[PDB]
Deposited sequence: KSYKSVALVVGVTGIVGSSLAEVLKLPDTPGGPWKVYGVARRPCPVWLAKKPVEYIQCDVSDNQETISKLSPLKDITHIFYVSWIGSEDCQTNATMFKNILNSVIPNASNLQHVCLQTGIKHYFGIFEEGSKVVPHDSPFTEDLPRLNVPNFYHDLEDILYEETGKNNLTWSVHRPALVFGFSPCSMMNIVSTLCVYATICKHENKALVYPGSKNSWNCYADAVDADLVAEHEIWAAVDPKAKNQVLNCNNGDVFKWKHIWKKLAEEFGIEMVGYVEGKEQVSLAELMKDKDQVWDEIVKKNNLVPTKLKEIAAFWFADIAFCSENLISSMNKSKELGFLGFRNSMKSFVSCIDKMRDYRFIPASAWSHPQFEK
(Lines of atoms letter the chains of each structure in order from A and count residues from 1; the text may use other names and numbers.)
(Lines give C-alpha, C1' and ligand atoms only; values in the text may rest on other atoms or scores of the structure.)
Protein backbone atom coordinates (compact mmCIF):
# COMPACT_ATOMS: atom_id res chain seq x y z
CA UNK A 1 0.00 0.00 0.00
CA UNK A 2 1.78 3.09 -1.24
CA UNK A 3 -0.34 6.20 -1.72
CA UNK A 4 0.36 9.80 -2.30
CA UNK A 5 -2.75 10.95 -0.38
CA UNK A 6 -5.10 9.46 2.21
CA UNK A 7 -8.69 10.80 2.39
CA UNK A 8 -11.11 10.61 5.24
CA UNK A 9 -14.54 11.03 3.67
CA UNK A 10 -16.98 11.76 6.43
CA UNK A 11 -20.44 10.97 5.02
CA UNK A 12 -19.38 8.40 2.39
CA UNK A 13 -22.97 7.29 1.72
CA UNK A 14 -24.02 10.84 1.15
CA UNK A 15 -24.79 12.68 -2.07
CA UNK A 16 -21.31 14.17 -2.31
CA UNK A 17 -19.47 11.52 -0.21
CA UNK A 18 -20.51 8.81 -2.65
CA UNK A 19 -19.08 10.77 -5.66
CA UNK A 20 -15.83 11.42 -3.81
CA UNK A 21 -15.48 7.70 -3.34
CA UNK A 22 -15.54 7.40 -7.16
CA UNK A 23 -13.68 10.59 -8.13
CA UNK A 24 -10.83 9.99 -5.67
CA UNK A 25 -10.07 6.66 -7.43
CA UNK A 26 -9.68 8.02 -10.94
CA UNK A 27 -6.14 7.73 -12.31
CA UNK A 28 -5.75 11.41 -13.17
CA UNK A 29 -7.28 12.88 -10.00
CA UNK A 30 -5.03 15.55 -8.44
CA UNK A 31 -3.20 14.26 -5.34
CA UNK A 32 -3.48 10.66 -6.44
CA UNK A 33 -3.03 7.86 -5.96
CA UNK A 34 -5.55 8.10 -3.10
CA UNK A 35 -6.46 5.78 -0.34
CA UNK A 36 -10.06 6.24 0.79
CA UNK A 37 -11.53 5.78 4.29
CA UNK A 38 -15.28 6.27 4.14
CA UNK A 39 -17.29 6.96 7.28
CA UNK A 40 -21.09 6.82 7.60
CA UNK A 41 -23.66 6.07 10.25
CA UNK A 42 -25.12 2.81 8.88
CA UNK A 43 -23.59 -0.57 8.08
CA UNK A 44 -22.01 -0.51 4.65
CA UNK A 45 -24.84 -0.67 2.18
CA UNK A 46 -24.78 -3.27 -0.55
CA UNK A 47 -24.31 -0.64 -3.30
CA UNK A 48 -20.97 0.42 -1.66
CA UNK A 49 -19.65 -2.94 -0.60
CA UNK A 50 -18.14 -3.35 -4.12
CA UNK A 51 -16.11 -0.08 -4.13
CA UNK A 52 -12.42 0.17 -3.07
CA UNK A 53 -13.02 2.25 0.07
CA UNK A 54 -12.28 1.20 3.62
CA UNK A 55 -15.74 1.64 5.09
CA UNK A 56 -16.03 2.60 8.73
CA UNK A 57 -19.50 2.55 10.34
CA UNK A 58 -19.35 5.10 13.12
CA UNK A 59 -21.86 7.27 14.90
CA UNK A 60 -19.77 10.41 14.77
CA UNK A 61 -22.01 12.22 17.30
CA UNK A 62 -20.56 9.74 19.92
CA UNK A 63 -17.22 11.13 21.02
CA UNK A 64 -15.87 7.82 22.51
CA UNK A 65 -16.90 5.76 19.48
CA UNK A 66 -15.37 8.24 17.08
CA UNK A 67 -12.12 8.20 19.03
CA UNK A 68 -11.93 4.44 19.13
CA UNK A 69 -12.63 4.14 15.39
CA UNK A 70 -10.66 7.07 13.92
CA UNK A 71 -7.67 7.43 16.32
CA UNK A 72 -5.91 4.43 14.79
CA UNK A 73 -5.95 6.09 11.31
CA UNK A 74 -2.43 7.57 11.47
CA UNK A 75 -2.00 7.97 7.72
CA UNK A 76 -4.82 10.51 6.94
CA UNK A 77 -3.69 13.52 4.90
CA UNK A 78 -7.00 15.23 3.91
CA UNK A 79 -10.30 15.36 5.65
CA UNK A 80 -13.54 15.85 3.58
CA UNK A 81 -16.43 16.66 5.91
CA UNK A 82 -19.50 16.05 3.81
CA UNK A 83 -22.08 15.25 6.39
CA UNK A 84 -24.79 16.72 8.66
CA UNK A 85 -27.10 15.18 11.30
CA UNK A 86 -30.30 15.63 9.32
CA UNK A 87 -31.67 18.42 11.39
CA UNK A 88 -30.69 22.10 11.70
CA UNK A 89 -29.64 21.81 15.35
CA UNK A 90 -26.49 23.86 15.82
CA UNK A 91 -25.21 21.85 18.76
CA UNK A 92 -25.69 18.31 17.42
CA UNK A 93 -24.14 19.25 13.98
CA UNK A 94 -21.26 20.91 15.71
CA UNK A 95 -20.63 17.88 17.96
CA UNK A 96 -20.14 15.67 14.82
CA UNK A 97 -17.56 17.95 13.29
CA UNK A 98 -15.65 18.51 16.57
CA UNK A 99 -15.49 14.74 17.22
CA UNK A 100 -13.99 14.23 13.72
CA UNK A 101 -11.32 16.83 14.34
CA UNK A 102 -10.59 15.88 17.93
CA UNK A 103 -10.15 12.23 16.87
CA UNK A 104 -7.96 12.74 13.84
CA UNK A 105 -5.89 15.91 14.47
CA UNK A 106 -3.87 14.43 17.34
CA UNK A 107 -3.30 11.12 15.57
CA UNK A 108 -2.62 11.92 11.90
CA UNK A 109 0.90 13.40 11.96
CA UNK A 110 0.73 14.12 8.22
CA UNK A 111 -2.62 15.79 8.09
CA UNK A 112 -2.57 18.75 5.68
CA UNK A 113 -6.11 19.95 5.01
CA UNK A 114 -9.65 20.02 6.13
CA UNK A 115 -12.51 20.60 3.58
CA UNK A 116 -15.78 21.62 5.12
CA UNK A 117 -18.93 21.41 2.99
CA UNK A 118 -21.75 23.76 3.85
CA UNK A 119 -24.03 25.35 1.31
CA UNK A 120 -25.91 28.28 -0.11
CA UNK A 121 -28.23 28.46 2.96
CA UNK A 122 -25.38 30.63 4.33
CA UNK A 123 -26.73 33.41 2.12
CA UNK A 124 -30.44 33.17 2.66
CA UNK A 125 -31.16 31.51 5.96
CA UNK A 126 -32.41 28.34 7.57
CA UNK A 127 -35.26 25.89 6.57
CA UNK A 128 -36.94 25.88 10.08
CA UNK A 129 -34.33 38.44 5.44
CA UNK A 130 -32.00 37.07 2.77
CA UNK A 131 -29.03 38.65 1.02
CA UNK A 132 -29.74 39.55 -2.58
CA UNK A 133 -27.96 37.50 -5.26
CA UNK A 134 -25.86 36.60 -7.15
CA UNK A 135 -24.29 35.31 -3.99
CA UNK A 136 -20.65 35.95 -3.48
CA UNK A 137 -18.40 34.39 -0.87
CA UNK A 138 -17.59 37.64 0.98
CA UNK A 139 -21.22 38.31 1.94
CA UNK A 140 -21.46 38.60 5.75
CA UNK A 141 -23.32 36.05 7.90
CA UNK A 142 -26.99 36.64 8.56
CA UNK A 143 -28.21 36.97 12.14
CA UNK A 144 -29.80 33.49 12.38
CA UNK A 145 -28.87 30.25 14.13
CA UNK A 146 -27.21 28.59 11.12
CA UNK A 147 -25.18 25.53 12.04
CA UNK A 148 -22.88 26.51 9.10
CA UNK A 149 -21.57 29.32 11.33
CA UNK A 150 -20.58 26.96 14.13
CA UNK A 151 -18.94 24.54 11.64
CA UNK A 152 -16.90 27.35 10.13
CA UNK A 153 -15.83 28.67 13.56
CA UNK A 154 -14.67 25.24 14.58
CA UNK A 155 -12.85 24.83 11.24
CA UNK A 156 -11.03 28.15 11.55
CA UNK A 157 -10.10 27.55 15.17
CA UNK A 158 -8.82 24.07 14.83
CA UNK A 159 -6.91 24.47 11.57
CA UNK A 160 -5.31 27.75 12.71
CA UNK A 161 -3.79 26.35 15.89
CA UNK A 162 -2.68 23.09 14.21
CA UNK A 163 -1.10 24.66 11.06
CA UNK A 164 -3.54 22.99 8.70
CA UNK A 165 -5.09 24.52 5.64
CA UNK A 166 -8.81 24.84 5.26
CA UNK A 167 -11.58 25.35 2.71
CA UNK A 168 -15.23 26.03 2.95
CA UNK A 169 -17.28 24.83 0.04
CA UNK A 170 -20.77 26.15 -0.50
CA UNK A 171 -22.48 24.07 -3.14
CA UNK A 172 -25.78 24.95 -4.74
CA UNK A 173 -28.56 22.33 -4.99
CA UNK A 174 -26.84 19.03 -5.65
CA UNK A 175 -27.56 16.76 -8.64
CA UNK A 176 -26.37 13.33 -7.53
CA UNK A 177 -27.14 9.65 -7.30
CA UNK A 178 -26.95 8.43 -3.71
CA UNK A 179 -30.11 6.72 -2.46
CA UNK A 180 -29.08 7.26 1.21
CA UNK A 181 -28.97 11.04 1.10
CA UNK A 182 -31.31 13.13 3.25
CA UNK A 183 -31.56 15.72 0.42
CA UNK A 184 -31.34 14.27 -3.14
CA UNK A 185 -33.55 16.29 -5.47
CA UNK A 186 -32.93 14.10 -8.55
CA UNK A 187 -33.75 10.81 -6.75
CA UNK A 188 -36.76 12.52 -5.10
CA UNK A 189 -38.16 13.56 -8.50
CA UNK A 190 -37.28 10.20 -10.10
CA UNK A 191 -39.19 8.42 -7.29
CA UNK A 192 -42.18 10.72 -7.86
CA UNK A 193 -42.05 10.13 -11.65
CA UNK A 194 -41.72 6.38 -11.10
CA UNK A 195 -44.73 6.37 -8.79
CA UNK A 196 -46.79 8.46 -11.26
CA UNK A 197 -45.97 6.05 -14.13
CA UNK A 198 -46.82 3.04 -11.96
CA UNK A 199 -50.21 4.56 -11.11
CA UNK A 200 -50.88 5.65 -14.71
CA UNK A 201 -50.84 9.30 -13.70
CA UNK A 202 -49.28 12.31 -15.45
CA UNK A 203 -46.16 13.96 -14.13
CA UNK A 204 -47.93 16.86 -12.52
CA UNK A 205 -45.88 19.80 -11.34
CA UNK A 206 -46.83 20.62 -7.68
CA UNK A 207 -44.76 23.81 -7.08
CA UNK A 208 -45.06 27.57 -7.19
CA UNK A 209 -45.41 29.72 -10.28
CA UNK A 210 -42.25 31.61 -9.35
CA UNK A 211 -40.08 28.52 -9.11
CA UNK A 212 -41.40 27.16 -12.42
CA UNK A 213 -40.30 30.34 -14.22
CA UNK A 214 -37.31 31.75 -12.33
CA UNK A 215 -33.65 31.11 -13.06
CA UNK A 216 -32.15 28.39 -10.82
CA UNK A 217 -28.79 26.68 -10.44
CA UNK A 218 -27.34 23.41 -9.22
CA UNK A 219 -24.14 21.45 -8.99
CA UNK A 220 -23.26 17.98 -10.19
CA UNK A 221 -21.96 15.83 -7.27
CA UNK A 222 -18.91 14.83 -9.29
CA UNK A 223 -18.16 18.56 -9.86
CA UNK A 224 -18.39 19.27 -6.11
CA UNK A 225 -15.97 16.39 -5.56
CA UNK A 226 -13.59 17.83 -8.23
CA UNK A 227 -13.82 21.24 -6.65
CA UNK A 228 -13.16 19.95 -3.14
CA UNK A 229 -10.19 17.91 -4.37
CA UNK A 230 -8.84 20.95 -6.21
CA UNK A 231 -9.01 23.10 -3.12
CA UNK A 232 -7.51 20.33 -1.09
CA UNK A 233 -4.41 19.97 -3.29
CA UNK A 234 -3.88 23.23 -5.19
CA UNK A 235 -1.88 25.64 -3.00
CA UNK A 236 -3.42 28.63 -4.80
CA UNK A 237 -6.86 27.66 -3.50
CA UNK A 238 -5.86 27.27 0.15
CA UNK A 239 -7.81 28.86 3.03
CA UNK A 240 -10.74 30.15 0.98
CA UNK A 241 -14.45 30.09 1.17
CA UNK A 242 -15.67 28.90 -2.22
CA UNK A 243 -19.05 28.53 -3.93
CA UNK A 244 -19.54 25.52 -6.18
CA UNK A 245 -22.16 25.38 -9.00
CA UNK A 246 -22.36 24.00 -12.58
CA UNK A 247 -21.52 27.43 -14.06
CA UNK A 248 -24.86 28.00 -15.76
CA UNK A 249 -28.56 28.47 -14.91
CA UNK A 250 -31.70 26.52 -15.79
CA UNK A 251 -35.44 26.70 -15.15
CA UNK A 252 -37.55 23.98 -13.48
CA UNK A 253 -40.02 24.28 -16.33
CA UNK A 254 -37.37 22.93 -18.76
CA UNK A 255 -36.23 20.24 -16.29
CA UNK A 256 -39.83 19.07 -15.79
CA UNK A 257 -40.27 18.41 -19.48
CA UNK A 258 -37.07 16.48 -19.68
CA UNK A 259 -38.15 14.46 -16.60
CA UNK A 260 -41.50 13.47 -18.16
CA UNK A 261 -39.65 12.51 -21.36
CA UNK A 262 -37.16 10.39 -19.44
CA UNK A 263 -40.01 8.43 -17.76
CA UNK A 264 -42.08 8.25 -20.97
CA UNK A 265 -45.11 9.88 -19.34
CA UNK A 266 -47.25 12.86 -19.97
CA UNK A 267 -46.35 16.13 -18.29
CA UNK A 268 -48.65 18.59 -16.61
CA UNK A 269 -46.81 21.96 -16.19
CA UNK A 270 -47.57 24.86 -13.88
CA UNK A 271 -51.19 25.97 -14.35
CA UNK A 272 -51.83 29.61 -14.16
CA UNK A 273 -53.65 30.52 -10.93
CA UNK A 274 -53.09 27.09 -9.31
CA UNK A 275 -51.23 27.38 -5.96
CA UNK A 276 -48.34 25.20 -4.77
CA UNK A 277 -49.37 21.91 -3.20
CA UNK A 278 -47.13 19.75 -0.97
CA UNK A 279 -45.38 16.87 -2.68
CA UNK A 280 -44.65 15.42 0.84
CA UNK A 281 -48.40 15.25 1.43
CA UNK A 282 -49.17 13.79 -1.97
CA UNK A 283 -46.67 11.03 -1.22
CA UNK A 284 -47.49 10.40 2.44
CA UNK A 285 -48.92 6.83 1.84
CA UNK A 286 -46.75 5.55 -0.88
CA UNK A 287 -44.32 3.41 1.16
CA UNK A 288 -45.86 0.11 0.09
CA UNK A 289 -46.22 1.22 -3.53
CA UNK A 290 -42.47 2.02 -3.40
CA UNK A 291 -41.75 -1.41 -1.85
CA UNK A 292 -43.63 -3.13 -4.68
CA UNK A 293 -41.83 -1.15 -7.35
CA UNK A 294 -38.54 -2.17 -5.70
CA UNK A 295 -39.38 -5.86 -5.66
CA UNK A 296 -40.73 -6.11 -9.25
CA UNK A 297 -37.79 -4.27 -10.73
CA UNK A 298 -35.39 -6.10 -8.41
CA UNK A 299 -33.99 -2.70 -7.41
CA UNK A 300 -31.54 -2.09 -4.73
CA UNK A 301 -33.85 -2.21 -1.69
CA UNK A 302 -34.64 1.26 -0.44
CA UNK A 303 -37.32 2.67 1.77
CA UNK A 304 -39.31 5.55 0.51
CA UNK A 305 -38.32 8.03 3.21
CA UNK A 306 -34.64 7.31 2.68
CA UNK A 307 -34.40 7.52 -1.09
CA UNK A 308 -36.69 10.52 -1.44
CA UNK A 309 -36.92 13.83 0.40
CA UNK A 310 -40.26 15.21 -0.68
CA UNK A 311 -40.06 18.06 1.81
CA UNK A 312 -36.81 19.25 0.16
CA UNK A 313 -38.48 19.29 -3.23
CA UNK A 314 -41.28 21.45 -1.71
CA UNK A 315 -38.70 23.98 -0.59
CA UNK A 316 -36.98 24.09 -4.00
CA UNK A 317 -40.35 24.64 -5.58
CA UNK A 318 -41.01 27.73 -3.52
CA UNK A 319 -37.55 29.26 -3.86
CA UNK A 320 -36.22 31.91 -6.18
CA UNK A 321 -33.39 34.41 -6.39
CA UNK A 322 -30.77 31.97 -5.08
CA UNK A 323 -28.23 32.11 -7.87
CA UNK A 324 -24.61 31.88 -6.65
CA UNK A 325 -21.49 33.16 -8.41
CA UNK A 326 -18.57 31.07 -9.53
CA UNK A 327 -16.33 34.08 -10.33
CA UNK A 328 -14.07 33.53 -7.32
CA UNK A 329 -13.30 29.95 -8.23
CA UNK A 330 -12.83 30.83 -11.90
CA UNK A 331 -10.55 33.73 -11.05
CA UNK A 332 -8.51 31.27 -8.91
CA UNK A 333 -8.25 29.06 -12.02
CA UNK A 334 -10.92 26.40 -11.45
CA UNK A 335 -12.81 26.13 -14.78
CA UNK A 336 -14.74 22.91 -14.02
CA UNK A 337 -18.43 23.26 -15.16
CA UNK A 338 -21.35 21.11 -16.27
CA UNK A 339 -24.33 21.62 -18.59
CA UNK A 340 -27.05 21.41 -15.98
CA UNK A 341 -29.73 19.86 -18.30
CA UNK A 342 -27.15 17.20 -19.22
CA UNK A 343 -26.04 16.73 -15.56
CA UNK A 344 -29.67 16.20 -14.53
CA UNK A 345 -30.04 13.49 -17.16
CA UNK A 346 -26.68 11.97 -16.23
CA UNK A 347 -28.01 11.53 -12.69
CA UNK A 348 -31.14 9.81 -13.92
CA UNK A 349 -29.01 7.52 -16.14
CA UNK A 350 -26.73 6.73 -13.22
CA UNK A 351 -29.42 5.88 -10.79
CA UNK A 352 -30.87 3.45 -13.35
CA UNK A 353 -27.30 2.14 -14.02
CA UNK A 354 -26.93 1.39 -10.33
CA UNK A 355 -30.47 -0.10 -10.07
CA UNK A 356 -31.84 2.42 -7.54
CA UNK A 357 -34.68 3.36 -9.82
CA UNK A 358 -36.29 1.44 -12.74
CA UNK A 359 -34.80 1.26 -16.23
CA UNK A 360 -36.39 2.89 -19.37
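**Student:** Which parts of the deposited sequence have no C-alpha atoms in the model?
**Tutor:** According to the record, the gaps fall at 129-133, 366-374.
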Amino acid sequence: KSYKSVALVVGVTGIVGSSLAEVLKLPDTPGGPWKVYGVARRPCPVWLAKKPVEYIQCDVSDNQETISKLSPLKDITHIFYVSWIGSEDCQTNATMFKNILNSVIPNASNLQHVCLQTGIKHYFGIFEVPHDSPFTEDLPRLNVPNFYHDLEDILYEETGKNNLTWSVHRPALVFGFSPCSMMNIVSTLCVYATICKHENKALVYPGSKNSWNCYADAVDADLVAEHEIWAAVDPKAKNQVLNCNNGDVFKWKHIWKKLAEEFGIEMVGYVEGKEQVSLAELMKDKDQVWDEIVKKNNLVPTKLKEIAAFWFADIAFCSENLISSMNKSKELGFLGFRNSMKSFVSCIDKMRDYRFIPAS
From here on, numbers count along this sequence of modelled residues.
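The term rigid core refers to the maximal set of C-alpha atoms that superpose within 1.5 Å between the two forms.
**Student:** Quick one: core-superposed, which stretch strays further from the shown model in 4 other deposited structures of this protein, 299-307 or 61-69? Go by RMS C-alpha distance.
**Tutor:** More C-alpha displacement in 4 other deposited structures of this protein shows up in 299-307.
**Student:** Between 271-279 and 237-245, which has its CA atoms farther from the current form in 4 other deposited structures of this protein, using a rigid core superposition?
**Tutor:** When 271-279 and 237-245 are compared in 4 other deposited structures of this protein, the bigger C-alpha shift is seen for 271-279.
**Student:** Given the B-factors recorded for C-alpha atoms, which segment has the greater mean, 64-72 or 323-331?
**Tutor:** The recorded data point to 64-72.
**Student:** Going by the mean C-alpha B-factor recorded in the entry, which is higher: 333-341 or 20-28?
**Tutor:** According to the entry, 20-28 carries the higher average C-alpha B-factor.
**Student:** Among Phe250, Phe80, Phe127, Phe147, where is the Cα B factor highest in this entry?
**Tutor:** Checking the PDB record, the top C-alpha B-factor among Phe250, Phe80, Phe127, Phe147 is at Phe127.
**Student:** Based on what the PDB entry reports, which of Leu173, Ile195, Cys244, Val186 has the top C-alpha B-factor?
**Tutor:** Top of the list by C-alpha B-factor: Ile195.
**Student:** For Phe312, does the deposited CA B-factor place it in the lowest, middle or highest third of the chain?
**Tutor:** Answer is middle: the recorded C-alpha B-factor places it there.
**Student:** Using the B-factor values recorded in the entry, state whether the Cα atom of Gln276 falls in the lowest, middle or highest third among the modelled residues of its chain.
**Tutor:** According to the entry, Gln276 has a C-alpha B-factor in the chain's highest third.
**Student:** So where's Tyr37 on the chain's Cα temperature factor ranking, which third?
**Tutor:** Tercile = lowest for this residue's CA B-factor.
**Student:** Within this chain, which third does the Cα B-factor at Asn93 fall in: lowest, middle or highest?
**Tutor:** Bottom third by C-alpha B-factor.
**Student:** Against its chain's modelled residues, does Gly160's Cα B factor rank lowest, middle or highest third?
**Tutor:** Top third by C-alpha B-factor.
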